[PDB]
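First, one chain by itself in structure tokens, the form deposited in one PDB entry.
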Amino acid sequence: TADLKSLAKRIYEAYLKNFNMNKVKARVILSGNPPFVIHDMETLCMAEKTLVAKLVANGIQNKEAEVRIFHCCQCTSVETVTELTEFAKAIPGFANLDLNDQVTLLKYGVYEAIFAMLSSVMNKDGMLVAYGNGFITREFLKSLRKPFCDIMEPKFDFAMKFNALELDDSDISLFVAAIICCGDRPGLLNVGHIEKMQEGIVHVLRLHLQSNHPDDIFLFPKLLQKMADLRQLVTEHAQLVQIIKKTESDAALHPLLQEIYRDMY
């Protein structure tokens, strides 16, 4: 349909406008101001002095390396929350929802969207960081002391299988919109209107995958499963973050993310 093709294009354009990183851009960088490679402690500290200088400008009062990394991770999440919040306005019906339902959908959806989109900047060896200006190796992240090395590998495991689906940005934009439109989120006021909004987005996603990936007749049910996998990945991630919060006094959690996690799992 013209209105359904147009809806898919509108969501794709809103994704291209509101997220600083997209998959085409990420793959250009990942192929080879080129990205500084962080693969050990020396190169981590070098990258920090150039890319987050204030974070390491405190001398002997600088935090432990793992805590500095954790802080950088949190800051990226706060930025993506801002991007996701503006993107959601392109979803038909989202801006017509009650303000409290908009909050609830974004609360439960943002981390599922975050890890879906982080797949775009990950390969089997590492990931882009710092607005495309660093590449940090998967092995270096595994080398961090517990519990910080435990954040990383489950997301790589998810991303490698997600990337094997060979989605492009036109697919991922609709997938992220579908994540945001989940009517079964706890605490929703107008569940019925949200289910209809969801049905509309999922309908556009199904038709789009049919046109864009004629070679994979299971791609839509596969992505439905990936949405469930992401919900579980986020539940587990929240649990690990709570361990870090309780056992690592220096790993302070940003207030916006504290509110997202609050009463989640």
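Between two forms, the rigid core is defined as the largest C-alpha subset superposing within 1.5 Å. Just count from 1 along the sequence shown to find any residue number.
- Stretch comparison, 199-207 versus 44-52: after rigid core superposition, larger RMS CA deviation in 9 other deposited structures of this protein is found for 44-52.
- Between 91-99 and 135-143, greater CA displacement relative to the shown form is found for 91-99 when the structures in 9 other deposited structures of this protein are fitted on the core.
- Modelled in this chain, residue 238 is likewise built in all the other compared entries whose models extend past it on both sides, so a third of them omitting it does not occur.
- Of the other entries compared for this protein that flank it with modelled residues, all give atoms for residue 30, so not even a third lack it.
- Going from residue 32 to residue 33, you skip over 4 to 9 residues of the deposited sequence that the entry leaves unmodelled.
- In this entry, 180-188 shows the higher mean Cα temperature factor of the pair 125-133 and 180-188.
- For the pair 192-200 and 216-224, the mean B factor over Cα atoms is greater in 192-200.
- For the set 84, 73, 99, 172, the PDB entry puts the maximum C-alpha B factor at 99.
- If you compare the C-alpha temperature factors of 58, 50, 232, 43 in the entry, 58 comes out highest.
- Ranked by Cα temperature factor within the chain, residue 208 sits in the lowest third according to the deposited record.
- Among all modelled residues in its chain, residue 8 ranks in the lowest third by Cα B-factor.
- Residue 241: CA B factor lies in the middle third for its chain, per the PDB record.
- Compared with the other modelled residues of the chain, the Cα B-factor recorded for residue 138 ranks in the lowest third.
- Ranked within its chain, residue 148 lands in the highest third, by CA B factor from the PDB record.
The following text describes the form deposited with a partner chain bound, which does not appear among the structures shown.
- Heavy atoms of residue 86 reach within 4.5 Å of its partner chain in the deposited bound form, making it an interface residue.
- Taking non-hydrogen atoms only, residue 152 never approaches its partner chain to within 4.5 angstroms in the deposited bound form.
- In the deposited bound form, its partner chain sits within 4.5 Å of a heavy atom of residue 256.
- In the deposited bound form, residue 190 stays away from its partner chain, with no heavy atom inside 4.5 Å.
- Highlighted residues 81, 102 and 106: every one comes within 4.5 Å of its partner chain in the deposited bound form, counting any heavy atom.
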